[PDB]
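K.L.:
Mapping to PDB author numbering: the sequence shown position 111 is 111, numbers consecutive.
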Amino acid sequence: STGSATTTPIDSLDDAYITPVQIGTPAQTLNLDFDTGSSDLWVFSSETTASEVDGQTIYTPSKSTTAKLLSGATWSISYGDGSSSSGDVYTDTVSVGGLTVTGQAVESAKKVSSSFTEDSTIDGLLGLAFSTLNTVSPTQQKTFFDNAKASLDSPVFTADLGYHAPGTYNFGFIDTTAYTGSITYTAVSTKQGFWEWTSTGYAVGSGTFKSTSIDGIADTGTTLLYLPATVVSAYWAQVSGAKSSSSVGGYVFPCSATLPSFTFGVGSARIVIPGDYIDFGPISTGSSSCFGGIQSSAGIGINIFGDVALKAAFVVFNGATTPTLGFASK
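Laid out in structure tokens, this is it:
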């Protein structure tokens with residue numbers, strides 16, 4: 001089997017991407033944030049505290065003839081940005097882009113943090129990291145990909161995120177028309193539960209490539225590119241007037257600036273992030289200070305190849321017995 005679904009930016013900055021997912025019978029379609037940095041499929045629901053729902057579409061398990069309470073199971077997750085959610089668990093039929101999994105754990109939110117409430121466009125998350133990170137207790141549950149894997153034509157999914165445009169998540173096949181050149185594959189460590197890999201270096205604009213190992217994760221659920229302070233300083237030093245602002249929470253730059261590209265290495269290959277992908281616009285409406293899309297990871301504990309990086313590539317998440325990542329230009 002295969003599946004193919006369009007993913008759409010939630011706003012004009014590509015802050016996140018939503019993908020329609022069918023849950024239950026008859027189908028309830030919710031728009032979920034596919035997140036290769038986490039491993040829970042959770043949804044706003046009829047069980048969510050009413051004051052914490054503000055415009056989201058909710059899953060109502062009592063209206064699904066295939067829903068079944070997973071007795072005793074609870075979940076609770078905290079994300080790297082400080083947001084969180086928790087609740088109980090149903091199993092139900094879940095379909096993405098024509099690919100159907102029966103018995104998928106659908107984690108129903110009883111509580112969500114304010115950042116989720118305040119984003120009316122995201123009805124939940126669909127985690128695509130390794131199932132060892134799934135938070136369901138006392139019996140950990142499998143991701144949608146893990147459940148689908150055996151049925152797929154090939155045990156892979158691909159992320160093709162758009163810049164200010166829709167893109168595609170495919171399951172079970174590699175669309176050879178969706179990228180240019182060849183795909184360069186690189187080794188993955190699953191020891192932390194992430195799609196963790198080592199970039200071979202970077203360049204700023206037209207500058208020389210610096211060969212250096214940068215360990216990080218491929219994370220579709222993180223907006224920006226978080227890299228070591230040395231790398232980030234070298235980037236922003238090429239932008240007149242750019243500075244790190246403690247009060248804003250990262251590097252900012254004059255909105256009148258033209259940003260240089262940023263290249264990252266994948267083995268001997270190179271992925272180029274155009275400068276315009278690194279502009280996240282005014283820090284507040286009407287401001288002439290703009291927020292940068294490359295930020296230091298020094299306070300995170302891990303480097304994160306988020307959407308800023310991934311949307312410059314066609315990315316293969318190869319879930320074979322020994323997983324690998326593939327990157328191609330497009």
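Think of the CB as a built atom: it goes at the ideal place given N, C-alpha and C, for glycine as much as any other residue.
Rounding to the nearest angstrom, what Cα-Cα distance links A129 and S51 in this structure?
P.N.:
Here residue 129 is taken as the residue at index 129 of the sequence shown, counted from 1. Here residue 51 is taken as the residue at index 51 of the sequence shown, counted from 1. Going from the Cα of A129 to the Cα of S51 covers about 30 Å.
K.L.:
State the CB to CB distance for the pair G124 and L30, rounded to an integer number of angstroms; the pair is presumed to be in contact (CB under 8 Å).
P.N.:
Mapped onto the sequence shown, residue 124 falls at position 124. Mapped onto the sequence shown, residue 30 falls at position 30. Confirmed, about 6 Å.
K.L.:
Is the CB of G103 under 8 Å away from at least one CB in chain D?
P.N.:
Note that chain D does not occur in the displayed structure, where there is just one protein chain.
K.L.:
Going by DSSP in three states, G127 sits in which element: helix, strand or coil?
P.N.:
Mapped onto the sequence shown, residue 127 falls at position 127. If DSSP states are grouped into helix, strand and coil, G127 belongs with the strands.
K.L.:
In whole angstroms, give me the CA-to-CA distance for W195 and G301.
P.N.:
Taking the sequence shown and counting its residues from 1, one reaches residue 195 at position 195. Taking the sequence shown and counting its residues from 1, one reaches residue 301 at position 301. Those two C-alpha atoms are separated by around 15 Å.
K.L.:
Hey, could you find the ends of the beta strand (DSSP E) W75 is sitting in?
P.N.:
Residue 75 sits at position 75 when you count from the first residue of the sequence shown. From DSSP, the beta strand (DSSP E) with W75 extends over 68-78.
K.L.:
Taking its Cβ as the centre, do 16 or more other Cβ atoms sit within 10 Å of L224, making it buried, or is it exposed?
P.N.:
As a working note, residue 224 is residue 224 in the sequence shown. The residue is buried, with at least 16 neighbouring Cβ atoms inside 10 Å.
K.L.:
Kindly indicate the opening and closing residues of the alpha helix (DSSP H) around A178.
P.N.:
Start at 1 with the first residue of the sequence shown, and residue 178 comes out as number 178. Where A178 is concerned, there is no enclosing alpha helix (DSSP H), given that its DSSP letter is neither H nor E.
K.L.:
If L99 and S1 are in contact, beta carbons under 8 Å, what's the gap, nearest whole angstrom?
P.N.:
If you number the sequence shown from 1, residue 99 lands on position 99. If you number the sequence shown from 1, residue 1 lands on position 1. Contact flag correct, Cβ pair sits at about 6 Å.
K.L.:
Can you grab the Cα-Cα spacing for the pair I294 / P26, in whole Å?
P.N.:
Within the sequence shown, residue 294 is the residue found at index 294, counting from 1. Within the sequence shown, residue 26 is the residue found at index 26, counting from 1. Roughly 43 Å between the two C-alpha positions.
K.L.:
I'd like to check one pair, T117 with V204: are the Cβ atoms closer than 8 Å?
P.N.:
Along the sequence shown, read from residue 1 onward, the residue named residue 204 stands at position 204. Along the sequence shown, read from residue 1 onward, the residue named residue 117 stands at position 117. In this structure, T117 does not lie closer than 8 Å to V204 by Cβ.
K.L.:
Let's see if you can read the secondary structure: which residues bound the beta strand (DSSP E) around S86?
P.N.:
Translated into the one-based positions of the sequence shown, residue 86 becomes position 86. Residues 84-96.
K.L.:
Kindly identify the DSSP beta-bridge partner or partners of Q295.
P.N.:
As a first step, residue 295 is located in the sequence shown; it is residue number 295 there, counting from the start. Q295 pairs with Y226.
K.L.:
Which runs of the beta strand (DSSP E) spanning at least 3 residues fall entirely within the region 273-325, listed in chain order?
P.N.:
Within the region 273-325, the complete beta strand (DSSP E) runs of at least 3 residues are 279-282, 289-292, 294-296, 303-305, 314-318.
K.L.:
Considering only the beta carbon of each residue, do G281 and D33 sit closer than 8 Å?
P.N.:
Within the sequence shown, residue 281 is the residue found at index 281, counting from 1. Within the sequence shown, residue 33 is the residue found at index 33, counting from 1. In this structure, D33 does not lie closer than 8 Å to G281 by Cβ.
K.L.:
Measure the CB-CB distance between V156 and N318 and report whether it falls below 8 Å.
P.N.:
Along the sequence shown, read from residue 1 onward, the residue named residue 156 stands at position 156. Along the sequence shown, read from residue 1 onward, the residue named residue 318 stands at position 318. Cβ distance < 8 Å, so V156 and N318 count as in contact.
K.L.:
Using beta-carbon positions only, say whether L161 and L310 come within less than 8 Å of one another.
P.N.:
On the sequence shown, residue 161 is found 161 positions in, with the first residue counted as 1. On the sequence shown, residue 310 is found 310 positions in, with the first residue counted as 1. Yes. Within cutoff.
K.L.:
Which residues in the same chain as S131 place their Cβ atom closer than 6 Å to its Cβ, once the five residues preceding and following it in sequence are excluded?
P.N.:
Here the question's residue 131 lines up with position 131 in the sequence shown. Hits under 6 Å: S39, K142, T143, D146.
K.L.:
Using only CA atoms, which one of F253, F44, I58 lies nearest to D276?
P.N.:
The residue you call residue 276 lines up with position 276 of the sequence shown. Minimum Cα distance to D276 is reached at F253.
K.L.:
Just to confirm my understanding: we take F209, look at its own chain, exclude 5 residues before and 5 after, and list those with CB closer than 6 Å. What are they?
P.N.:
Against the sequence shown, residue 209 aligns to sequence position 209. Closer than 6 Å at the Cβ level, and outside the excluded window around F209, lie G201, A203.
K.L.:
Which residues in the same chain have their Cβ closer than 7 Å to the Cβ of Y235, if we skip the five residues on either side of it in sequence?
P.N.:
Residue numbering aside, residue 235 sits at position 235 when the sequence shown is read from its first letter. Closer than 7 Å at the Cβ level, and outside the excluded window around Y235, lie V204, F262, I294.
K.L.:
Quick check on DSSP: helix, strand or coil for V231?
P.N.:
Counting from one through the sequence shown, the residue named residue 231 turns up at place 231. Reduced to three states, the DSSP call for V231 is helix.
K.L.:
Could you tell me the distance, in whole angstroms, from the CA atom of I217 to the CA atom of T65?
P.N.:
Residue mapping note: residue 217 aligns to position 217 of the sequence shown, counting from 1. Residue mapping note: residue 65 aligns to position 65 of the sequence shown, counting from 1. C-alpha of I217 to C-alpha of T65: approximately 38 Å in a straight line.
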